[PDB]
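All Cβ positions, even for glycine, are placed from backbone atoms using ideal geometry, and neighbour counts span all protein chains on display. Values in this text are rule-based calculations from the coordinates and carry no lab data.
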Amino acid sequence: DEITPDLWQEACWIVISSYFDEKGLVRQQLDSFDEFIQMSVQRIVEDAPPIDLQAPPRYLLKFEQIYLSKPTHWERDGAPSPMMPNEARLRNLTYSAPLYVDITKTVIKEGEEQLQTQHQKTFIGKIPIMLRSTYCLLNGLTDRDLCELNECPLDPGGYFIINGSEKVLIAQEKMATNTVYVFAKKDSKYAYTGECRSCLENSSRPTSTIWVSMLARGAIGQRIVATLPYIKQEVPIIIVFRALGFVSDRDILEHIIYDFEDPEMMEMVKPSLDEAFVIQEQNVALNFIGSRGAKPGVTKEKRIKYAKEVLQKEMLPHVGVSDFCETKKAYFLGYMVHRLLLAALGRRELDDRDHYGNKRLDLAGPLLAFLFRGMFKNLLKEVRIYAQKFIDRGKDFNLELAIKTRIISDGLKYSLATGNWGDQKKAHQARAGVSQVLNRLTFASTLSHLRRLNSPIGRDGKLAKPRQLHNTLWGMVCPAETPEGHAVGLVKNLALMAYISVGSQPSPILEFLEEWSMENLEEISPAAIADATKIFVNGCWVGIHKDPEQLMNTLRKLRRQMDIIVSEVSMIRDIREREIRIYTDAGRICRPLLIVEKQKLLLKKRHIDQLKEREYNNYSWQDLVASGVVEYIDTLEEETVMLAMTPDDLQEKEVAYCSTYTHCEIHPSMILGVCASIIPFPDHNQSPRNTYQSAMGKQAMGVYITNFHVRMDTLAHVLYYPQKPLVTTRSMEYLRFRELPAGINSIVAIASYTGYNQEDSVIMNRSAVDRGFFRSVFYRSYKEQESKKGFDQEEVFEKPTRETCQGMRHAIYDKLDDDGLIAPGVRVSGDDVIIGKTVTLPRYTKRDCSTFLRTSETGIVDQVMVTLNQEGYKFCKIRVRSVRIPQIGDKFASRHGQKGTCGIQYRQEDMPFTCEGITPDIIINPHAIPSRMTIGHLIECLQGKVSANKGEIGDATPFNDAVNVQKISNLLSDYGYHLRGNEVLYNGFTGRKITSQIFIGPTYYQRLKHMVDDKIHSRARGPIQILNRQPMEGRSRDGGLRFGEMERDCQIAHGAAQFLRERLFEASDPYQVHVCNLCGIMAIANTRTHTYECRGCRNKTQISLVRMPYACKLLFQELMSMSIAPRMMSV
Amino acid sequence: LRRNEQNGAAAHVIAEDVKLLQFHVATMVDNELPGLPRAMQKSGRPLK
Amino acid sequence: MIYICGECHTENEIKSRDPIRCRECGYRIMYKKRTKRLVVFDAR
Amino acid sequence: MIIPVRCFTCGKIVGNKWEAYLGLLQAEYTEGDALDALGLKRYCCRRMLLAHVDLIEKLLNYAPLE
RNA sequence: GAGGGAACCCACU
Ligand SMILES: [Zn+2]
Ligand SMILES: [Zn+2]
Ligand SMILES: [Zn+2]
């Protein structure tokens, strides 16, 4: 039976709860890593060619079968142990699993049979393991087993541990491969250009890009040329077709123009035929191609081989790379030329770069596969060099000594540790920030960082189009969550039900198409192409079909029952262009949609009833997918579907605005991401305020993880009393915000009281703050280790002695124990030693290199942990705890972009009060509201008053007609309050009623990480830089502030020349030099002996003292190093 | 190159040493000039 | 001095330059004792 | 993490009410009736118990170092 | 009574 509209909200949140019970939130990272480990590593090992080596004896090395173990640790003893993630985090280990491989070495001598050596399970490096993946040791463990291992069961996984640091792989956007995209290059010689970044499927190789372009009108006619890989000049397209093996113009035009009764395509291909008439043979065309190669060979036959290698191996690898597969390549190149002509005629629209179905998302799988492909090539190269050396002069080589496991191990470790995605010696020419340190300030920040997408377009670009919120981002990318500043629009976040496809083999779909009446390209005359539908499988034109509608019906029926076609395969029928494109590759972002047949949902009450007992029936989300009820639609397929926003669009009368709905949104509020789903009433706010809250929800202090006592993070922040919001969204039930909340429901009165809340400020209740309101804990970890940097050098944790250690920092050392480490529970201040480390000097046999506490960061040593690092030295980590009571200048934000620092704190007797004696916890200014139009803040406050009076958690799902401001007002008036949330407040100071009535009620506030005590900084005089002798950088180094160029301009406009001289000369770097009065060069001055001598002039009396900045002296000496003579003349 | 001119040496090795000296002096002054490889520290980072 | 083993909850005497290993279970992560010094908290 | 001793706004004792509130909720009370039975009349005291997340129970599932 | 630089990333106004 059909789901009634009164049960629809409950049913749709049931199916959403089923989806998040199965998939979770970091499914894309785990799925990509599992595909990389299970399939991509073995495929990379296979596609690597066997090593053939001759001096002579012949040696053939063939890598056959990989073996991956579980993550094990080997200490200096050498006994393996099951290495746990907390052990990796605490001991600064890399959570990696050893990768073995089966190698076969065959020996081919002269007059001797082949000899087989089976080197089974040969260790070739260590693969870092994503947490909670298949090969992690936490896989399949219950929550009790995770708690017994000191792991948080709410922790999502999806990250790596590299040297004890948690690293997340940000997903990387790229243009889709194997797809023809025609653009119009502006201000160039090309009117239009077709582009195909061709990459061969089932393999990890770089993408070869071909440009089939057309020259501009400004030339008798406009001609089509081809820019091929490894070819320096542009080649006319008819020459490429002739070199492919088709000399006649009729065959080339049959490959290009499918309907010969179309004269304008003939008119536009006329100039290319006229240009390339002088070549008429395949070998002459191959000669013309090879004449413009990377290195043109002197032998014509060498040019023929090079041109054939370019046209076969490097021209469109996806349609075919083997021998005698040139007709498929010719049909694809003709299709590219046909698309170019269609764009030239205006008969087909130009492709959109920002269209997000033209983009793929490289997740951890593809990125790690690219790395491992390069490094396995490097490992085979080094094995080849070693075995070549020991077959050249010697006769035999040991294979276990040939393999350098440091290559794979340290390359993966380096690229995951630094984020530079490439090689260590080529860091400047590799993409950076692919791997980032995982944000652990809030659980919401952890989730948002684990579901983070990145456009690798430079942030210095001032064009707006990649930063714009495209239409095709609906349901795939959160429209609110983007950073502010240089990375706006470029860094994106996943929507909650968005899933990035993991990849599949096209072989079942290809076989099914072969015997479902699709005729191949090799077996058809071109005359049949004009009326038939071209079929593309992963961008490979494989054939044509005469009945495309029943073919798409059959394909959808197969995918909906999880037959031959798997669920993540995208199938798009371009009906107007007569094309069917089937995509199975990875990186396609999709989302599940309810299937609608004849204005009725296929989701019935039986599915909802079965899902209500998910843990009884064993009915899950995957059963709902297999039932043909929901299906995953990606961005390219979504451009052909007809979405009902709600089932109310289906059950509509005579003018439903559409009678051909194909899909229905499960819930529209699922278009938001993790951080935008905690906003209550987001559709009542201005959109930049939702963006600002999506930014600040990652800076909100709560309880970031459950096992924070085990962890020693460098920066950690724990609220005393985090509360779940009184006004929640239903999407917050799957972000675990009810279990790890970040904030407190606060009685907020929006009023102007004493003027101390003006310009985005809040007044806090000091009496509330005394009771623990928004009190937090700051944890800081300090790491130190003994290191044997040489035989004589020996750092050691010792309690130092004043008459024995060189160069102490005049501090106390009594709080250290005699192991050199401070004890837990000891109060520490900014000038205190917490780790006493001395290094032996090669009577002061050792000097002080003790670890000091960061200045002005008073606190108490919470924990001290002693362990062994990777290379077996003593390693200490000390967590110091400091209690942060809310202060004037601490940043606080509601969930609506209402950031603001605390301006003052009043006690309970000074704050305004209601007739019940309720004082606000926070008073905010009214003027924060009108220009912002954060009406969702007011509705959250009203709904929270209703929720706290009724004893319930208010629902603030965005698009909900059951919740209305009038309904909340009537509910509030039912509880003895004014219906609009106003109350009569009395002045705290005088007791008189405030003439206006104050809006007051519970609103969820967040304590942001930005305390004033982490930012207050003054310098009188102190440390200076070595080179320019100017003050240092930042409060952490007791540095000075920069009196920059704009400040210099402002003080010029003020006319204050002596203040300008004070700031830029004698508050930064005074210096005195002695210059010759004749040559103007700095002289040699001995101030002790009064010997002022100038070499180059024989001058010992015409020397003058000049006061200049030290940076100006350094500038003049640098100029003299550049053979410039800056001569300071005192006349 | 002092060694290669104090004792006898070929013209081409002297020209190659002159080329290397010219490259080193130019990259001491200007390390971001186009057309030539950048002078790099052994860690792979270029020199300043 | 006395370090608690992270896994087996037992206290162990460790001298200087002794490798940090639990004599019971061979666990390499160990924690210092809470100090005996007298620390006063205002109850605020 | 644990129930606050005082209501933040007014300072009424709510630290002795969390287990009683959980027992009332286990006894099929609604949340509003459970709050009314405990004498929490002001909504400032009601947000103490209504919005409390008792994280200390899940913290007690970890084996203690000390 | 004060001994590194560089690179990259995140964030703030
Ligand atoms: Zn002179
Ligand atoms: Zn132990
Ligand atoms: Zn109260």
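If you go through the stretch A:296-328 and keep only what is surrounded by fewer than 21 Cβ atoms within 10 Å (Cβ to Cβ), under 21 Å from residue A:247 (Cβ atoms) and aliphatic (A, V, I, L, M), you end up with just A:304. When residue C:7 is tested against the conditions (1) farther than 20 Å from residue A:824 by Cα; (2) more than 8 Å from chain A (Cβ to nearest Cβ); (3) charged (D, E, K, R), the lone failure is (1).
Listed here are the residues, each with its yes/no results for (1) part of a helix (DSSP H, G or I); (2) surrounded by 18 or more Cβ atoms within 10 Å (Cβ to Cβ); (3) on the phi > 0 side of the Ramachandran plot; (4) among the β-branched types (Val, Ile, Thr).
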{"residue": "D:2", "(1), (2), (3), (4)": "no, no, no, yes"}
{"residue": "D:28", "(1), (2), (3), (4)": "no, no, yes, no"}
{"residue": "D:34", "(1), (2), (3), (4)": "yes, yes, no, no"}
{"residue": "D:54", "(1), (2), (3), (4)": "no, no, no, no"}
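When residue A:506 is tested against the conditions (1) out of contact with any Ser or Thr (no Cβ under 8 Å at 6 or more places or on another chain); (2) surrounded by 18 or more Cβ atoms within 10 Å (Cβ to Cβ), the lone failure is (1).
Number of residues in the stretch A:655-680 that are closer than 15 Å to residue A:600 by Cα and assigned to a loop (DSSP other than H, G, I, E, B): the value is 8. In the condition set (1) in a strand (DSSP E or B); (2) in contact with a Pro (Cβ under 9 Å, 6 or more places away or on another chain); (3) at the interface with chain D (Cβ under 10 Å from one of its Cβ atoms), residue A:741 is compliant with all but (1). The lone criterion from (1) away from chain D (no Cβ under 14 Å); (2) more than 16 Å from RNA strand E (Cβ to nearest atom); (3) in a loop (DSSP other than H, G, I, E, B) left unmet by residue A:889 is number (2). Answer with yes or no whether residue A:819 is closer than 30 Å to residue D:66 by Cβ, buried (at least 17 other Cβ atoms within 10 Å of the Cβ) and within 14 Å of chain C (Cβ to nearest Cβ). The answer is yes for residue A:819. Just for the stretch A:938-951: of the residues that are touching a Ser or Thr at 6+ places or on another chain (Cβ under 8 Å) and facing chain D (nearest Cβ under 10 Å), which one is surrounded by the most Cβ atoms within 10 Å (Cβ to Cβ)? Applying the filter and picking the extreme gives A:944. Looking only at residues of the stretch D:1-39 that are touching a helix residue (DSSP H, G or I) at 6+ places or on another chain (Cβ under 8 Å) and among the small types (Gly, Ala, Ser), we find that the one that is nearest to ligand 3 (Cβ to nearest atom) is D:11. Does the stretch A:555-570 include one or more residues that are on the phi > 0 side of the Ramachandran plot and not polar (S, T, N, Q)? Yes, the stretch A:555-570 contains a residue that is on the phi > 0 side of the Ramachandran plot and not polar (S, T, N, Q).
Checking the conditions here, which among A:789, A:783 is away from every other protein chain (no Cβ under 13 Å), under 12 Å from residue A:876 (Cβ atoms) and of a type in the set (D, E, K, R)? Explain how you work it out, then say what you get.
Working: A:789 fails: under 12 Å from residue A:876 (Cβ atoms).
After ruling out the rest, the residue left standing is A:783.
Residues in the stretch A:36-53 that are of a type outside the set (A, V, I, L, M) and surrounded by 20 or more Cβ atoms within 10 Å (Cβ to Cβ): A:36, A:40. Report yes if some residue within the stretch A:888-903 is surrounded by 19 or more Cβ atoms within 10 Å (Cβ to Cβ) and within 25 Å of residue A:827 (Cβ to Cβ); otherwise report no. Yes, the conditions are met somewhere in the stretch A:888-903. Close Cβ contacts (under 8 Å, 6 or more residues apart or on different chains) running from residues in the stretch C:14-29 that are of a type in the set (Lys, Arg) to residues that are near ligand 2 (Cβ under 9 Å from one of its atoms) comprise C:21/C:27; C:23/C:12; C:28/C:21; C:28/C:22.
Look at the stretch A:1071-1084: where a residue is within 16 Å of ligand 2 (Cβ to nearest atom), no partner that is in a loop (DSSP other than H, G, I, E, B) sits 6+ places away or on another chain with Cβ atoms under 6 Å. In the stretch C:10-39, the qualifying residues are those that are facing chain A (nearest Cβ under 9 Å) and among the hydrophobic types (A, V, I, L, M, F, W, C), and the one that is nearest to ligand 3 (Cβ to nearest atom) is C:39.
Answer with yes or no whether residue A:391 is in a helix (DSSP H, G or I) and out of contact with any helix residue (DSSP H, G or I) (no Cβ under 9 Å at 6 or more places or on another chain).
Details: in a helix (DSSP H, G or I): yes; out of contact with any helix residue (DSSP H, G or I) (no Cβ under 9 Å at 6 or more places or on another chain): yes.
Yes.
To keep it simple, each residue is scored yes or no on (1) more than 20 Å from residue A:726 (Cβ to Cβ); (2) at the interface with chain A (Cβ under 8 Å from one of its Cβ atoms).
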| site | (1), (2) |
| --- | --- |
| D:10 | no, yes |
| D:18 | no, no |
| D:27 | yes, no |
| D:33 | no, yes |
| D:44 | no, yes |
| D:47 | no, yes |
| D:50 | no, yes |
| D:55 | no, yes |
| D:61 | yes, yes |
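Quick grid of which residues meet (1) among the hydrophobic types (A, V, I, L, M, F, W, C); (2) over 30 Å from residue A:645 (Cβ atoms):
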residue: A:888; (1), (2): yes, yes
residue: A:899; (1), (2): no, yes
residue: A:904; (1), (2): yes, yes
residue: A:910; (1), (2): no, yes
residue: A:920; (1), (2): no, yes
residue: A:934; (1), (2): no, no
residue: A:940; (1), (2): no, no
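Looking at (1) more than 10 Å from every other protein chain (Cβ to nearest Cβ); (2) more than 34 Å from the chain's Cα centre (by Cα); (3) among the aromatic types (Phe, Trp, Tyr), which is the one condition that is false for residue A:873? Failed condition: (1).
Only residues that are surrounded by 15 or more Cβ atoms within 10 Å (Cβ to Cβ) and farther than 18 Å from residue A:225 by Cβ: list them for the stretch A:247-265, please. Give the steps one after another, and end with the answer.
Of the stretch A:247-265, the ones surrounded by 15 or more Cβ atoms within 10 Å (Cβ to Cβ) are A:247, A:249, A:251-258, A:265.
Scanning the stretch A:247-265 gives A:247, A:251, A:254, A:258.
Consider the stretch A:988-1023 and keep the residues that are assigned to a strand (DSSP E or B) and touching a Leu at 6+ places or on another chain (Cβ under 8 Å). The one that is nearest to ligand 2 (Cβ to nearest atom) is A:1007.
Exactly one residue out of A:105, A:121, A:62 is at positive phi and in a strand (DSSP E or B), and it is A:121.
Look at the stretch A:87-109: where a residue is within 14 Å of another protein chain (Cβ to nearest Cβ) and a partner is part of a helix (DSSP H, G or I) and surrounded by 23 or more Cβ atoms within 10 Å (Cβ to Cβ), sitting 6+ places away or on another chain with Cβ atoms under 9 Å, you get A:93/A:87.
Considering only the stretch A:428-449, I want to know if a residue exists there that is more than 16 Å from ligand 2 (Cβ to nearest atom), within 14 Å of chain B (Cβ to nearest Cβ) and not hydrophobic (A, V, I, L, M, F, W, C). Yes: the stretch A:428-449 contains one or more residues that are more than 16 Å from ligand 2 (Cβ to nearest atom), within 14 Å of chain B (Cβ to nearest Cβ) and not hydrophobic (A, V, I, L, M, F, W, C).
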